[PDB]
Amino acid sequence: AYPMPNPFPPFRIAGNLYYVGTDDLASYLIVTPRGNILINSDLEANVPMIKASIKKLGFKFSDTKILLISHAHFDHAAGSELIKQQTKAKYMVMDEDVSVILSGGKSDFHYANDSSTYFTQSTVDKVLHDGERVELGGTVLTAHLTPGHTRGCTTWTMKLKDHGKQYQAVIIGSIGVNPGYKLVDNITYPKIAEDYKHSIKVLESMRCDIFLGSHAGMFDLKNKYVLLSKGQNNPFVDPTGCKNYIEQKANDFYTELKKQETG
């Protein structure tokens, strides 16, 4: 079973972007004069945690206007229907992943036949496309299609001001190859390897100042948070870590491809 995450203190990352996630499954709140955007609904058990985190920061759960995800797997999206029911947020999902959301996982190219991965079916209020923007209260997020891990995996970017300086924030959706994924002659998702290679090209040339991800462990949330509490100059500003992480996962993809092609 997926290891149930533990709660994590919420905090401001930079500018109007806040962490409201767990010690593992990462969720983000963007606060604007015209309401808030939430990214990743996580497990159903995490929806009360997300609500508690938002409120702890002094914001209103009922001000959640838009719900986004990193990608269509249960650990980022299972909680979406609950959040819709509780806030009436508008759910926006990259086109290639919509079928998985509508079907609660039953159409998943890999996990269609694994009932332990299914989640509550939800409707998508706006279908997104590569490079499409999500705009609220003057804040502008950009959806980047970085496919492979899912057909519609989305890397979310925005610009944040912090201490009079400008930073590109990048929430890497995932370019991990899950155990069991078939990269050669995939029957359901033939372009899976071409899609990962595209994601690598995009991410390797993407400006990345504030380094984030769909899972805390991607970007060293725990140790960085400890530095933040100690008052350090924004430890979430980590371009080197971001470049090193993208390089590592690009190499991991080619390591797994080699294994499947020659092992």
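Throughout, we count residues from 1 along the sequence that is shown.
Checked against the record, the higher mean CA B factor of 159 to 167 and 98 to 106 lies with 159 to 167.
The mean Cα B-factor in the deposited entry runs higher for 42 to 50 than for the other of 221 to 229 and 42 to 50. In the deposited coordinates, the residue among 146, 115, 186, 178 with the greatest CA B-factor is 115. Among 86, 142, 139, 150, the highest C-alpha B-factor recorded in the PDB entry belongs to 86. Among the modelled residues of the chain, residue 173 sits in the lowest third by CA temperature factor in this PDB entry. Remark: residue 71 belongs to the lowest third of its chain, ranked by C-alpha B-factor as recorded.
For residue 208, the recorded CA temperature factor ranks within the lowest third of the chain's modelled residues. When the modelled residues of the chain are ordered by C-alpha B-factor, residue 57 sits in the highest third. When all modelled residues of the chain are sorted by CA temperature factor, residue 134 is found within the middle third.
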